[PDB]
Every structure is written in structure tokens, then in C-alpha cells.
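Every chain is numbered from 1, with letters handed out A, B, ... down the list of sequences. As a basis for the values below, the full set of heavy atoms in this structure was taken, side chains included, without hydrogen atoms, waters or symmetry mates.
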Amino acid sequence: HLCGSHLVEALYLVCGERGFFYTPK
Amino acid sequence: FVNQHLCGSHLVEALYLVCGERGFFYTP
Amino acid sequence: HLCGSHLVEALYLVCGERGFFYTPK
Amino acid sequence: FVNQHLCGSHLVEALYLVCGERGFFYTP
Amino acid sequence: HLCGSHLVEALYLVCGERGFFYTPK
Amino acid sequence: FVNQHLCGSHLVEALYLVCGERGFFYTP
Amino acid sequence: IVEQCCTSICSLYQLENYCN
Amino acid sequence: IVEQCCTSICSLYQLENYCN
Amino acid sequence: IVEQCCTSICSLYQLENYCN
Amino acid sequence: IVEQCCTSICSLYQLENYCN
Amino acid sequence: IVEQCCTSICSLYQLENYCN
Amino acid sequence: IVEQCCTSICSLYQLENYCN
Ligand SMILES: NCCc1c[nH]c2ccc(O)cc12
Ligand SMILES: NCCc1c[nH]c2ccc(O)cc12
Ligand SMILES: NCCc1c[nH]c2ccc(O)cc12
Ligand SMILES: NC(=[NH2+])NCCC[C@H](N)C(=O)O
Ligand SMILES: NC(=[NH2+])NCCC[C@H](N)C(=O)O
Ligand SMILES: NC(=[NH2+])NCCC[C@H](N)C(=O)O
Ligand SMILES: [Cl-]
Ligand SMILES: [Cl-]
Ligand SMILES: [Zn+2]
Ligand SMILES: [Zn+2]
């Protein structure tokens with residue numbers, strides 16, 4: 001269960017070197 | 001740059017709160 | 001919804017350069 | 001001092017847990 | 001109430017200099 | 001090493017997600 | 001603080017209030 | 001993202017999808 | 001650990017137990 | 001963002017330039 | 001606190017001096 | 001882990017060597 005800033009933290013573990021988009025809606 | 005990588009961790013947390021329902025884009 | 005350490009993280013984004021008090025009760 | 005600013009982020013998280021219902025004061 | 005990564009953060013405040021094991025199950 | 005201590009904070013968060021129900025061991 | 005931002009919803013603009 | 005990883009459960013492998 | 005500190009409430013003093 | 005914001009302390013306006 | 005605690009690793013006693 | 005991973009950026013394989 002990955003919600004709020006924890007979802008962003010998880011996105012960063014995986015993609016932080018490549019970069020990513022976060023678009024909740 | 002390790003200290004930038006650590007720093008990036010903090011920035012995305014800050015963008016998360018700063019941006020709201022709009023979301024954000026992160027890119028080194 | 002900003003509770004526990006997330007409320008403190010949010011307080012810090014805004015005030016971390018000025019300083020602040022956190023007094024839950 | 002960026003690395004102190006990053007460091008401050010960690011300290012307030014630590015004071016949050018350390019202090020309990022008392023709360024804390026943070027000041028550079 | 002210390003769950004998920006917050007429990008790990010709390011484990012780290014106390015033990016981060018000594019080291020620790022985290023074994024949820 | 002302060003910046004390693006800060007760095008350790010990030011590693012355990014990363015191991016938490018990386019490892020799952022297995023858990024992990026942290027040791028300087 | 002907790003009522004303003006955890007019970008009710010909050011703004012980063014509103015939290016400027018608590019800066020010392 | 002939120003459905004995939006907050007509503008339903010997610011994998012770190014599945015989140016590689018969102019890397020730009 | 002999870003019962004002690006997530007299910008029941010915990011102390012930072014009690015978590016010294018788990019330091020290796 | 002890294003260039004601008006891991007160098008000097010950025011401000012909440014520097015940061016808001018990376019909202020969508 | 002920054003002076004004392006972002007310089008050397010502080011201890012949980014250094015930190016507790018900033019509780020209210 | 002500190003030696004390997006606070007020096008260079010580690011990868012998710014370096015990290016997974018510290019799972020139980
Ligand atoms: N005004 C400081 C906002 C802020 C919070 N965390 C940060 C991390 C890096 C940075 O450049 C800026 C920040
Ligand atoms: N005994 C280490 C406690 C601790 C946790 N995080 C910290 C950050 C800075 C510091 O000086 C100390 C700490
Ligand atoms: N592939 C980067 C994963 C990662 C996330 N956080 C980290 C902190 C330190 C490190 O060496 C590596 C990481
Ligand atoms: N570093 C992380 N992303 N940790 C995940 C923690 C899970 C947390 N209980 C949540 O609401 O998602
Ligand atoms: N960096 C932050 N303050 N994030 C806010 C995350 C919201 C979280 N679900 C909470 O209980 O408040
Ligand atoms: N830095 C920390 N460990 N903070 C504890 C925050 C409590 C959080 N609501 C939880 O699910 O546990
Ligand atoms: Cl939570
Ligand atoms: Cl850091
Ligand atoms: Zn949380
Ligand atoms: Zn950090």
C-alpha cells in the first residue's frame with residue numbers, strides 16, 4: 001500500500017536517476 | 001552525484017506538497 | 001491530510017529557513 | 001548551507017519522534 | 001503508532017549508529 | 001561520518017521498499 | 001496545528017503562520 | 001499511478017513503467 | 001517488531017532492544 | 001531542478017516551476 | 001541545533017535539549 | 001552497505017544484497 005508521499009518516495013527509488021512524471025489526476 | 005541523488009530525494013518530497021493535484025515532473 | 005511526521009515535513013518545507021515551534025497539544 | 005538545510009529536514013523528523021506529546025522548537 | 005517506513009525510520013533514530021535487523025514476519 | 005549517517009537514513013528507507021516481507025539487515 | 005492541518009485540510013500558505 | 005500503487009498493490013518492477 | 005510498535009504503541013527506549 | 005535547487009537553497013517559487 | 005547536530009553526529013541527549 | 005552505497009550511487013542490485 002503506497003499512498004501520498006510514500007508513492008512518490010517509491011517512484012524515486014526506481015526512477016530518481018532517469019526522471020519521472022507524477023500526475024495524480 | 002550522491003549528494004545530489006540524496007538531494008533529489010528531498011526535492012520530489014517537496015514538489016509533492018508544493019504542487020498539489022497538478023503533480024510535477026522530476027528530471028536530472 | 002497532513003498528520004504525524006508528514007505535518008512536520010510540511011512545516012519544514014515552508015519554515016525550515018526561518019524556524020518554527022511544533023506543539024501538538 | 002544546503003547540506004545543513006537537508007540536515008535540518010532529518011533533525012525535525014528526529015525531534016518529532018524524540019519529543020512525543022511535548023513537541024519541540026526548531027531554529028537555525 | 002509506528003507502521004511501514006515510519007517504523008523503520010524510528011528503528012534508525014535509535015540504532016542507525018549500531019546497526020539493526022528488520023524482519024517484519 | 002554525518003553525511004553517511006544522513007545517507008544511512010535514506011538506505012534503510014530504500015531497503016524497506018526493496019526487500020518486502022523478507023526484511024533486511026543494516027550495519028555500518 | 002493538528003486540527004488545522006491533520007483533522008481539517010491545510011495549505012502550505014496557511015502553515016507560514018507557524019513560522020517563528 | 002494512484003490506482004495501480006495506492007488503491008491496488010504495486011511492485012517496484014511495475015513502477016519502472018513511469019520512469020520518463 | 002510490528003506488533004510491539006505498530007499494533008501496540010512503542011517507545012524509542014524499547015526499540016533499543018532491536019539494535020544489533 | 002537539481003542544478004538550480006541542490007546548489008543554493010531554492011525557494012518555493014524556484015520549486016513551483018516544476019509543477020505540471 | 002544545526003550547529004551542534006549537523007556537524008558531528010548528535011546523540012539522543014543532544015536532540016532532547018530541543019523538546020519544549 | 002555504507003561503503004558500497006554512500007560512495008557511488010548504488011543500484012537496486014547492490015541494495016538487494018542486504019535483504020535477509
Ligand atoms: N525554501 C526551502 C524549500 C526546500 C525544502 N527542501 C529543499 C531541498 C532543496 C532545495 O533547494 C530547497 C528546499
Ligand atoms: N544518534 C543519532 C541520532 C540522529 C538521527 N538523525 C540525525 C541527524 C543529525 C544528527 O546530528 C543526529 C541524528
Ligand atoms: N539506484 C538508486 C537507488 C537509491 C535510492 N536511494 C539511495 C541512496 C543511496 C544509494 O547509494 C543508492 C540509492
Ligand atoms: N518509503 C515508502 N514509500 N514507504 C511506504 C510506506 C507505506 C505507507 N503506510 C503508505 O501510506 O503508503
Ligand atoms: N511530505 C509530506 N508531508 N507528505 C504528506 C503525506 C500525507 C500522509 N498520507 C499523511 O498522513 O499526512
Ligand atoms: N518518523 C517517523 N517514524 N514518524 C512516525 C509517523 C507515524 C505514522 N502516522 C505511521 O504510520 O507510523
Ligand atoms: Cl501514513
Ligand atoms: Cl541528505
Ligand atoms: Zn506516512
Ligand atoms: Zn536526506
Side-chain angles (χ1 to χ4, degrees), chain F residues 2-12 14-20 22-28, chain L residues 1-12 14-20:
Chain F
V2 157
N3 298 344
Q4 283 163 38
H5 186 72
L6 298 189
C7 183
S9 183
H10 294 268
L11 289 178
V12 304
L15 291 170
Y16 169 80
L17 293 171
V18 167
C19 296
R22 304 168 60 188
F24 60 91
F25 62 89
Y26 179 68
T27 307
Chain L
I1 195 163
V2 175
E3 317 317 306
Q4 195 177 39
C5 292
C6 296
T7 263
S8 162
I9 289 165
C10 268
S11 70
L12 309 185
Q14 274 94 276
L15 295 178
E16 208 177 24
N17 291 329
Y18 307 89
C19 303
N20 288 148

Q: From L:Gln4 CD over to F:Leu11 CG, what is the distance, rounded to the nearest 0.5 angstrom?
A: 10.5 Å

Q: For F:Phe25 versus L:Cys19, what's the shortest heavy-atom pair and its separation?
A: CE2-O, 3.7 Å

Q: Assess the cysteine pair L:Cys5 / F:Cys7: is their SG-SG separation shorter than 2.5 Å?
A: no

Q: For F:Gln4 versus L:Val2, what's the shortest heavy-atom pair and its separation?
A: OE1-CG1, 3.5 Å

Q: Got F:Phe24 and L:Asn17 here, is their nearest side-chain heavy-atom distance under 4.5 Å?
A: no

Q: Given the rule in the side chain to side chain contact (heavy atoms under 4.5 Å, CB included) test, do F:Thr27 and L:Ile1 qualify, once you have shown the distances and angles that lead to the verdict?
A: CA-CA 7 Å; F:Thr27 307; L:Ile1 195 163; over 6 Å; no

